[PDB]
K.L.:
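Structure in structure tokens, see below.
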Amino acid sequence: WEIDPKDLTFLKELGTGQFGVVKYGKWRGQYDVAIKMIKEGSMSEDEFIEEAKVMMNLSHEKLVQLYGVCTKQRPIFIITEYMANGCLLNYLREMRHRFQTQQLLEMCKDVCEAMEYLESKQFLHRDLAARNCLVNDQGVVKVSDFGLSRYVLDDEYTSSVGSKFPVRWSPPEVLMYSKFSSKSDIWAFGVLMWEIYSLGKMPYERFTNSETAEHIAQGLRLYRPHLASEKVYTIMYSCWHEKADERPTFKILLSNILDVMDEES
Ligand SMILES: Cc1c(-c2nc3c(-c4ccc5c(c4)CCC[C@H]5NC(=O)c4nc(C(C)(C)C)no4)ccnc3[nH]2)cnn1C1CCOCC1
């Protein structure tokens, strides 16, 4: 579980997030890694460390791999697989890629495989969104930072009325009662498909968080991105049923996405 930080060589800053700075570097002079330098006061560290033992065992080709942690001194480090093309959201926003719809659906499949694996292990992501997926040098999309939301100390992130809370990715039962389940990840995944087909537009871009919560409680939904076929829109919409138990599983979504790939090759 433990990595010796002296085996790390730091090379470039990648960005700053909920837990502070993240860097790109090498492990033992040779292996690409991303290193989260956890900003003091920003994480429930003891709980996270206990949980990292479980997370180490979540291994899937479409999940960013946790390699280990450096706990001896602070800041603590989280060491992970490095993704050369950065976050899916910024990748979608670079219009130069001029992705074909088949590539867009492959991105959704990549995420849906990861989530189906997590669902099979009864492990929630809790903050699924394009900003929390990453792209490797082969253009493969992987799911990042699953479950880490549980260790954030910042009330602006955790409170449902907080400035940083993922309101636009949340189902009504989440906004109304904090009922979190595999079905809240499903809802978020549909929003994520919408992000992908919308090339990274903000969901409900003309509404505030408050306005979004009220409209989805009334039954308003996102609508079809121009790049989504009717079949693709159907899949994303299915994630948004008002009743959580009527939303599909990731296993079902996966077969649906595979069928659509077969029908719109
Ligand atoms: C950014 C970039 C990468 C690149 N980044 C990475 C990162 C990575 C992951 C997260 C994050 C960053 C980097 C950074 C900030 C957000 C941050 N989020 C968190 O830490 C965080 N959130 C959460 C919750 C709130 C969901 C619970 N928990 O933890 C990891 C691996 N491989 C990478 N590869 C490659 N190129 N680039 C540009 C591309 C063009 O410009 C140069 C760098």
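Residue numbers start at 1 and run along the sequence shown.
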K.L.:
Apply ring-ring contact (aromatic ring centres under 6.0 Å, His included) to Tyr157 and list each qualifying residue two or more places apart in sequence or on a separate chain.
P.N.:
none
K.L.:
For residues 165-178, which residue pairs pass the salt bridge (charged side-chain N to carboxylate O under 4.0 Å, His left out) check, not counting sequence neighbours?
P.N.:
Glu173-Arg247
K.L.:
For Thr16, which residues count as a side chain to side chain donor-acceptor pair (under 3.5 Å) partner, sequence neighbours excluded?
P.N.:
none
K.L.:
Who pairs with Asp145 by side chain to side chain donor-acceptor pair (under 3.5 Å), at least two apart in sequence or on another chain?
P.N.:
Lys36
K.L.:
Only pairs at least two apart or in different chains count here, so list each salt bridge (charged side-chain N to carboxylate O under 4.0 Å, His left out) that has a residue in residues 155-164.
P.N.:
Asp154-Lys164
K.L.:
If you link ILVMFWY side chains whenever their heavy atoms are less than 4.5 Å apart, which other residues fall into the same cluster as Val64? By chain and number, please.
P.N.:
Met83, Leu134
K.L.:
Which pairs of donor and acceptor atoms, one on a side chain in residues 190-197, lie under 3.5 Å apart (sequence neighbours left out)?
P.N.:
unit_1	atom_1	unit_2	atom_2	d
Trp194	NE1	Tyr223	O	2.9
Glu195	OE1	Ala130	N	2.8
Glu195	OE1	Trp169	NE1	2.8
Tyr197	OH	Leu105	N	3.3

K.L.:
List the atom pairs, donor and acceptor, that lie under 3.5 Å between side-chain atoms in residues 106-120 and the rest of the protein, sequence neighbours left out.
P.N.:
unit_1	atom_1	unit_2	atom_2	d
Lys109	NZ	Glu113	OE2	2.9
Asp110	OD1	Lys62	NZ	2.8
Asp110	OD2	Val141	N	3.0
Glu113	OE1	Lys62	NZ	2.6
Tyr117	OH	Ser59	N	3.1
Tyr117	OH	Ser59	O	3.1
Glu119	OE1	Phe250	N	2.9
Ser120	OG	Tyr117	O	2.7

K.L.:
Other members of the hydrophobic cluster containing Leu153, with the 4.5 Å side-chain heavy-atom rule, please.
P.N.:
none
K.L.:
Among the clusters formed by ILVMFWY side chains lying less than 4.5 Å apart, do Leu128 and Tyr237 turn up in the same one?
P.N.:
yes
K.L.:
Could you check whether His215 and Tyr204 have their ring centres less than 6.0 Å apart?
P.N.:
no
K.L.:
Does any pair with a residue in residues 78-101 pass salt bridge (charged side-chain N to carboxylate O under 4.0 Å, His left out), and if so which ones, sequence neighbours excluded?
P.N.:
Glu81-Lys142, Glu94-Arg96
K.L.:
By the rule that ILVMFWY residues connect when side-chain heavy atoms come within less than 4.5 angstrom, directly or transitively, which residues belong alongside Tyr82?
P.N.:
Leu11, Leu14, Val22, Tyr24
K.L.:
Sort and list the pairs that fulfil salt bridge (charged side-chain N to carboxylate O under 4.0 Å, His left out) and have at least one residue in residues 179-192, not counting sequence neighbours.
P.N.:
none
